[PDB]
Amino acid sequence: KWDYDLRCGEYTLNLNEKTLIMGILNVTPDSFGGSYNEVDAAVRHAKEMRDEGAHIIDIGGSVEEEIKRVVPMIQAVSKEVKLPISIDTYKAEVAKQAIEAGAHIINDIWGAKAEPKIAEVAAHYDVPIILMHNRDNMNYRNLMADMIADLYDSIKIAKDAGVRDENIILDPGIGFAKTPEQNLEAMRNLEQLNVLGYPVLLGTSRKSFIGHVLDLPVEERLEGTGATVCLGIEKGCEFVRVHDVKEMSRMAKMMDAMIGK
């Protein structure tokens, strides 16, 4: 199905053998970047997730401030944990610094629209970039049609910046610029993103539309996240972005055995 591998400098991700788990790194800051408690807690937690089945660690970010916070964690983590690191920013300068600091993948929630020059940063360092569906409004003529249109406007910016098709991963942006009923409608029609020809990452972990259905606080969302990850993998997605790495690695793995991936 994929005729290539996701190349990440030192690490390669095969896209055929299994659903790839992206671990959401917990970034509780200190009231005082760099300091000992916040980097140490980020490392212990990247290590926990490596040990419970994560294949990528996702590290989330006032511009020079964002860099001072995030660069030290990428250095200490890339050092101490042997996994690819994605950097969660829409700022081109923050992205430049992160890959320089040791990050492998750009994770952009504005899909190169926030700051187009980010795609030039991906182009140059030749890293994979995740383009997420997002928009600054919620006026959908047709939810899925508009979604697929908007993602395509992202791919045009990425490609016009030098980005190779093989470094493009797409993401439906569940929980961004979508009512809770539009979120459930995007889950129900996720297979449509496949027509675009690119690997798909789903990020649904703990989000309010799960609590809208279940009527449950954020710490009570494990089973509902499970259901989204499963429908996700059944609908074709290549990665899932989760906080609960142990549980979702097991669900992912059972789904894989069944769907025959």
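When you see a residue number, it is the position in the sequence shown, counting from 1.
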Give yes or no for this: do at least a third of the other compared entries, each modelling residues before and after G226, lack coordinates for it? no
No coordinates for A54 in a third or more of the other PDB entries: no
Look at the stretch from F32 to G33 and count the residues of the deposited sequence that the entry does not model, then pick none, 1 to 3, 4 to 9, or 10 or more. 1 to 3
None, 1 to 3, 4 to 9, or 10 or more: how many residues of the deposited sequence lack coordinates between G61 and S62? 10 or more
